[PDB]
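Residue numbers (this note's numbering), protein chains in the order written: chain Y, 297 to 622; chain E, 38 to 468; chain P, 42 to 1042; chain R, 117 to 197.
By construction, the Cβ of each residue, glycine as well, lies at the ideal position given by its N, Cα and C atoms.
Have a look at the structure below, then the notes.
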Amino acid sequence: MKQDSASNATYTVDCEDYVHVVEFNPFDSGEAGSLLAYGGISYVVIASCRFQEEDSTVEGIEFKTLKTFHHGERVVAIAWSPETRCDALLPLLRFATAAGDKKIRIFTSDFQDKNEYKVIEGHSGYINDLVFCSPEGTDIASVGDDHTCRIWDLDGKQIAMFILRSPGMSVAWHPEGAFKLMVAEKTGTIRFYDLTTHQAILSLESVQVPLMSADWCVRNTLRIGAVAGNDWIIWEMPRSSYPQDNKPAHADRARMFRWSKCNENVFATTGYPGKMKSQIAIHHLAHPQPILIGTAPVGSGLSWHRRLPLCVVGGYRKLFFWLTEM
Amino acid sequence: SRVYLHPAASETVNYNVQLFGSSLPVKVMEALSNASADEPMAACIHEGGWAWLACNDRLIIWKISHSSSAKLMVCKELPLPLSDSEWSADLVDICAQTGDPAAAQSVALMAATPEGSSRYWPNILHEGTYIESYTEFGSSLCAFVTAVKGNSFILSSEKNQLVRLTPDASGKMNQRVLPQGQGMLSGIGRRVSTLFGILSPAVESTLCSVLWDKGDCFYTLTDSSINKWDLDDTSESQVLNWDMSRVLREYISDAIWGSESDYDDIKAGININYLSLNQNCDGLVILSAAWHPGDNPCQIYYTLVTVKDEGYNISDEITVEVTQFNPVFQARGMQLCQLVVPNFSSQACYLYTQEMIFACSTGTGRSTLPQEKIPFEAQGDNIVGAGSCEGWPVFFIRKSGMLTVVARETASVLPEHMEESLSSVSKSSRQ
Amino acid sequence: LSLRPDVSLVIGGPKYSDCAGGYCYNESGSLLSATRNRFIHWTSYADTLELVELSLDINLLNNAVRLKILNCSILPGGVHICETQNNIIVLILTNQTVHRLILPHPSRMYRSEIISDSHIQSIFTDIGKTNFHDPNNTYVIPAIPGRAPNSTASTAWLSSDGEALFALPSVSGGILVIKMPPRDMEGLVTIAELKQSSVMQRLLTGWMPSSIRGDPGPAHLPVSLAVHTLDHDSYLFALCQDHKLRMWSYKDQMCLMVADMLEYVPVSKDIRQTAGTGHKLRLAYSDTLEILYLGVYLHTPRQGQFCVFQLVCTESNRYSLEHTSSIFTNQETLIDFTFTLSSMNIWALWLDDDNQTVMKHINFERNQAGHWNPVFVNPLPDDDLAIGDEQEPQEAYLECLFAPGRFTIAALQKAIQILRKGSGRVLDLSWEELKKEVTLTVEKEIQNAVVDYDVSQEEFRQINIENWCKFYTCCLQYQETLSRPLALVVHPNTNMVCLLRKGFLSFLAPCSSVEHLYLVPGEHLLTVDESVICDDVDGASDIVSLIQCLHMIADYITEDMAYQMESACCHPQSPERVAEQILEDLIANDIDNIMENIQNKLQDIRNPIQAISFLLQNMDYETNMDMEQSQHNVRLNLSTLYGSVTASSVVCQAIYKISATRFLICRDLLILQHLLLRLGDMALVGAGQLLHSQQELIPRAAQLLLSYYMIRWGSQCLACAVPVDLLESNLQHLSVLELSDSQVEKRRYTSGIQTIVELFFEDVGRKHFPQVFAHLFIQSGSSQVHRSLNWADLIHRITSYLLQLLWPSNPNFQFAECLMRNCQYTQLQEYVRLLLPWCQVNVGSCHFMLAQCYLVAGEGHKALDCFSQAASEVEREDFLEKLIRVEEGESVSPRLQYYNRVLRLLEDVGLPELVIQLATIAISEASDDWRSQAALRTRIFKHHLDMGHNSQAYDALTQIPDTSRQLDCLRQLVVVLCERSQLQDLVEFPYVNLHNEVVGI
Amino acid sequence: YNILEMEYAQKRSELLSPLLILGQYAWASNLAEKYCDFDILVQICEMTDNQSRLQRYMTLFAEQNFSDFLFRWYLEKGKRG
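In structure tokens, the structure reads:
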């Protein structure tokens, strides 16, 4: 008989609420303490997280809830503005949220003075994903089960339309910002739209149904990884129109593909927690087998640390941290 | 922005290679791969919007047309007539008056076997009717077929016997022998000259090249003379007969090797074969193959022999530009490097081989275009044929089909710099 | 098999290659006679001749043979077939050789098809089934006289005596007859020379220049031949290059009658230059009259003339031709023609001057020039798809290349070997691997083409247009090669027509009244009398005007507008709104007064209501409910009928054409009804009932337009080519998830293309044939399995039944059922995407299949949400109620029982939180059963244990009413806390009145 | 063939995890050595600290790429010394 690899989370944070979604910052906001946002039916919490590296004043993990908002809805998706900033006396935090009401809320916070949200017209169905398609956070690109890519201003006015022949699941702003908008569709296709001319500049073609998630390399925008069917795939644009790397992602239904925001070769594909506890597998480039695999009783939402290789998954009353080091 | 670029032609941007809107039938690749194009197989592109390929003993035809988002082109399979001394597509020609993506509307065929029997189609797509005409040949090996206006044809033998075959609206096929030569020094040439018949002291050298100049002219380059006819719908009149056996020989010999002092002794050995008779803005160009087998290794020197065709006749002026294209040769059975001039007003002339095209100029004409090489160095990218269609130079490629080179994305020339040089060259100073 | 003659053809005349033909068995019909839908066809390319025996309803195993007559190319029209009670005799004439072959008879190869099978062995098994023996069965044309190359005549027959008589055009212009001994003895093959006169008269005229009573001339060289046997004489009719039809007597060896057929045609001098090979002759012998008819095509580069002559016999044993009819014809050169005397019908295949190959049929007796009802061929590949720098070419190129009828799997393969280069061949591939290869090879050419430092919209669209245009035009040229015609064949008994193109063989099918009217242009519609268009002349005129308005609307609608309708309809939009938008567009762009003509023709109608209702009644076949469904053959000897691969192919091609036509008819009809509404319903005869009728029919037109949109889309939506066992494993995984409708059905995938319609037909329709056969055999034709199938009625009834099962306003869910059983979840996802916004019934079923694909993907929350909407209609949609009531009723409330079953389903799914939530939902219904209350409360307790909320488990326990379950869960608690070393829990529990239970435990 | 082999691999991996979680060291060793499974024998032999069978398996599977997983599991267990 044989067993492959599994382990308990490197860190674990207790919770009095379930974690539907939990995410760090894609770009640094100017804070040593890593900002972390997690949402649920009852509460949505922004906090600063620290794990011990220096000083004996910090033991294990220190989690300081910066603020907690009373909620009454299951959070569907959250996207911060790619303009990341927390260095001021009253740092300004800007992001977009989707709820079960098929609506878009532009939530903004001014650090212990006010918290606001705007009502933005949503999709005929649920909005699958959404990003801020502007490098400062004024325009929002949203894609949902209605095969419409909708670009909205801060007012809630629909700036632009891109029609799809299949429900658009994934939308991605250029992390640096060049009017480039990545579109990932369930069949497995990738389409790059130029927001200035409202047309596709490039496309990656695949037919492996279904596509579940995708991720640029934060350190290599030209490198794209994804999860489709059961396997993680990789393109290196613009020299690809069909997948060039294709290796299994999980024994489980791979749900999200994410890139570690410290390196150019570290990524994660998450397994689906169906009958069996969710598998979490950190791979490496030029090494088909994942370097690390852990087990989580419930797996929903996976993220990577802003500047370091840590992958996070939130579940029932628990928040599991995997510190991937070399 | 740039237009779709061929891989080997990617470096070349001065001319842009674009799909004509037509690619070859799949039967064509299968026939070619079963009988390679480096074996003797003859393909032709028709300016009326057609293309054909003869292999072994079979012909395959398909429409070609310029397209906006592709077009419809019919493909058909045809048997080359039996009794072939050697198979070629040159025994089949079309008098097509069409140029559309529906260019099948004015098609008529005459084909000949190397015995002088001729098969006439009123149309390729009227399968079920043949016209059998006994041309003047008994069993003579027919060489060429030249489609001329009037939906008529000029059947050519290996010894260059020309007979205009004229379709009838009834469905009979008329044989009228073209008169052969008038010269300026030989004997009688006004007597009809045909094989299986009496003999006259006229020039009857083998046919090297033909050109139906669309200025009412039918030019036939030979190894000894250029013969110009006017071939109206029902009439033939040889306007000109230029005896080029000597003159262009000495001019080409001087243009290539004129420096040496043993010219009289060596000249006996130079064989100059005038490969092609094309036409450009200055006039008729006589693509010539000149070489000396007494000096080894054999080097085939090409000389562009331009004669100013005024639309009908070529001036007595001759300009022989010795022009070389690489030291290496490709072949499909013969040593080939062929010059095509897609239009009679375009300065660009395209040399082509199995691996590269060379767009250039004569070097003595009234204008010029940049000398650029368009490579297609690959497997399945050998040039099966070349020609013109809808005003643009097209080439039939082994596993890619019909691709045209359009003159665009090339640098320009300014006249102000030369004036500046004239202004600056003057005035001096001293102190 | 290669046969070696010792001599070859003679050159110097018309070519003889490129011919073809066919023979239909007269024993066809009935399950067991000797044959059923079986026939043979052959195509001769010069020295090669391919013979394939095909049956429409049954696949014949090992049924293709290739005979290479290497020396002589087979003469056109020189292959004949005769039947004897033991064997089939094949007589084939070439330029300089004649051959007789013997083949086993179908009834002599045993006749029984009692066993229910889909494929059957043909009569070819080995080399022993074919023979070319007896150089008495094969004889050399003697040097005296020979056979001239300037003619294509050839015929053969078995005389009433039994001799094999071979008539060839003699060089002198007579008939050379090769007489091979009968099927009883073998002597020396004899020679006869049918000349102008007999031997005695030839000797008499031998010393004078006779060509009318002596040896004829090459002007009499027979061009076409026909033969009739009477008593023991074989009378030969010869069309010759001088337009004299010449008759020779086989025993008399002399010419009896020479008739100038130019008396019956306009005498053109251009007929004489076609007098070599453009002239054709066919003969058909009517047994019901004992009269043979000669149909003669006198071709002319001006126009051909067909003439029909009847043979009537005098009391001298001489036949004469009487002119029955002379139907004028085009100069389009005739590939072939025939005429069947079971119908008096002439079928004619011409090639015109465009690869739109010309097909018509007309009765000679009915007209004096015929009206030649048209026949519409498969679509030739299209021109413009998406112009680079003006449109993304690639998507349109792929869609057109995947459009059936204008492109083929072989073309796709060979264009793949285009864009893959190399001398290797790309052939015989699965469908999904084929499309993947298409994409990969076009992308490989793209990647080699692109070296840019800046990527742009126009550069992208361009590289697209050249690459996909190369691939597309290669496939287009191959399809055009396929579009080349070879021959025509008719089957009188079971009524279908086959057309041999280069390679393939196509079929010809009759249309409905509405589709005939819509596809036929206005000119030929007037050539159709008002009697068959409609019962009333008034109704017929109304329908004609309606179809004319449809035609003008269609011609006014362009391709850009069509793209606009496609985009707006796939966008969530009612069809009526898009139709009125486009009508407004036509009004705004109306400067041609085409709407003025449409309105004038609408006012010409006296009562459009019955015309609309008739067009919609030939439409409306809907049967709600599902109790006649048959997903397997009811073994009643009916399952032996149809259901084959060829039947599936022909049916699916028919369905594609019908849907493609009639969806556009739907769209144009809705647009026209909106235009009539804007014009006004108060200005026509019958206005009072017209006003409400149109308002009632407009939503009907909208829904029916949506339905045939769905149908036409399904006809082109492809199905993956995957092995059966993988889908079986997937269905097993579904069943593990506690999922119904995961049924496994053994179906045979075709090595080639698969659409979802092909999948559904091959998976369900064949299985439901016996019930369809049980109904239809009673309704029309013979009720026995030996029915002489009435194909024209059969196709209409099958179409009606298929529309009944595909009606979206019906509980008929069989198409999506087949899709889920065959694991086509992506196709199902776009299926439900297009169906849901306007779905009539089984919206809950849509949510079911949606969430089933979602759970296969592994989206717990949203898949469960769509399960929630499914549960919102489990007992409220008819098809789902069919699937349940094995889960309702009984001791507990039906809804509580369904709660419990889905609770088990969620326990088969996982995530104890989900069981928690379903229990919380069921707690409202759980007020009736203390057993269910205790079970759900104990599940809550056990979940408390699972996540370690010990105080919470204690509270859940204190909730429990029953002391027995209290004791049981107390034991569970004690055991688990002991094993978990959670002792403090046990003590700090402040139990009361449970103290004694704990003490005892 | 390789699809079948790989899928077989993961499936029996999850099939065989539980009693590995539960113990039964001798039987785990017997079956794993009988069917030649390197990593499982590794991790058991070091949580039993039996370096001796560690070398014996390294010798047995020198051609079977034992050392890769040896280095790996060393790395995850932080005894890079």
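Integer-rounded CB distance, given that residue j should sit under 8 Å from residue i
{"i": "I497/Y", "j": "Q773/P", "result": "The pair is not a contact, with the Cβ atoms about 44 Å apart (cut-off 8 Å)."}
{"i": "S547/P", "j": "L540/P", "result": "5 Å"}
{"i": "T270/P", "j": "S201/P", "result": "5 Å"}
Nearest neighbour of residue i, chosen from the options [CA to CA]
{"i": "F365/Y", "options": "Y568/Y, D313/Y, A384/Y and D442/Y", "result": "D313/Y"}
{"i": "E954/P", "options": "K398/Y, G595/Y and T353/Y", "result": "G595/Y"}
{"i": "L277/P", "options": "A267/P, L286/P and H284/P", "result": "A267/P"}
{"i": "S586/P", "options": "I403/P, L102/P and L713/P", "result": "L713/P"}
{"i": "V317/Y", "options": "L581/Y, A395/Y, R487/Y and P584/Y", "result": "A395/Y"}
{"i": "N419/P", "options": "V349/P, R542/P and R313/P", "result": "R542/P"}
{"i": "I376/P", "options": "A427/P, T365/P, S748/P and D394/P", "result": "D394/P"}
{"i": "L406/E", "options": "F413/E, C386/E and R228/E", "result": "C386/E"}
{"i": "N380/E", "options": "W99/E, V50/E and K251/E", "result": "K251/E"}
{"i": "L244/E", "options": "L192/E, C254/E, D418/E and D270/E", "result": "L192/E"}
{"i": "residue 290/Y", "options": "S502/Y, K557/Y and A547/Y", "result": "With chain Y covering 297 to 622 only, the question about residue 290/Y has no answer from this structure."}
{"i": "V1039/P", "options": "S1022/P, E1020/P, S1005/P and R1021/P", "result": "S1005/P"}
Neighbour list for residue i in chain Y, Cβ cutoff strictly below 7 Å
{"i": "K455/P", "result": "Simply none; closest approach about 21 Å."}
{"i": "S608/P", "result": "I459"}
{"i": "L481/P", "result": "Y538"}
Listed by chain order, chain Y residues near residue i by CB distance under 8 Å
{"i": "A898/P", "result": "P506, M508 and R549"}
{"i": "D153/R", "result": "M297 and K298"}
7 Å Cβ cut-off: residues of chain P touching residue i
{"i": "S193/E", "result": "The premise fails here: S193/E is roughly 21 Å from chain P at the closest Cβ pair, so nothing lies under 7 Å."}
{"i": "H103/E", "result": "Neighbours of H103/E on chain P: none; closest Cβ ~11 Å, over 7 Å."}
Neighbour list for residue i in chain P, Cβ cutoff strictly below 9 Å
{"i": "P138/E", "result": "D424"}
Neighbour list for residue i in chain Y, Cβ cutoff strictly below 9 Å
{"i": "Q126/R", "result": "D300, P544 and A547"}
{"i": "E130/R", "result": "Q299, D300, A547 and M572"}
Residues that residue i contacts on chain P, provided the C-beta gap is smaller than 8 Å
{"i": "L498/Y", "result": "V496 and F501"}
{"i": "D205/E", "result": "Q314"}
Contact set between residue i and chain E, taken where Cβ atoms lie within less than 9 Å
{"i": "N191/P", "result": "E169"}
Whole runs of the beta strand (DSSP E) within the region 405-459 of chain E, excluding any shorter than 3 residues: 409-412, 420-426, 429-434 and 438-444
Stretch-stretch touch, CB-based, cutoff 8 Å, three pairs: the region 470-482 of chain P with the region 757-764 of chain P: yes
Runs of beta strand (DSSP E) lying entirely within the region 365-389 of chain Y, each at least 3 residues, in chain order: 373-376
The region 670-682 of chain P / the region 820-835 of chain P touching (three or more Cβ pairs under 8 Å): yes
Touch test, the region 166-178 of chain P against the region 210-220 of chain P, Cβ-Cβ under 8 Å, three pairs minimum: no
3-residue-minimum beta strand (DSSP E) runs that sit fully inside the region 77-158 of chain P, ordered along the chain: 79-86, 89-96, 100-102, 105-110, 115-124, 128-135 and 138-145
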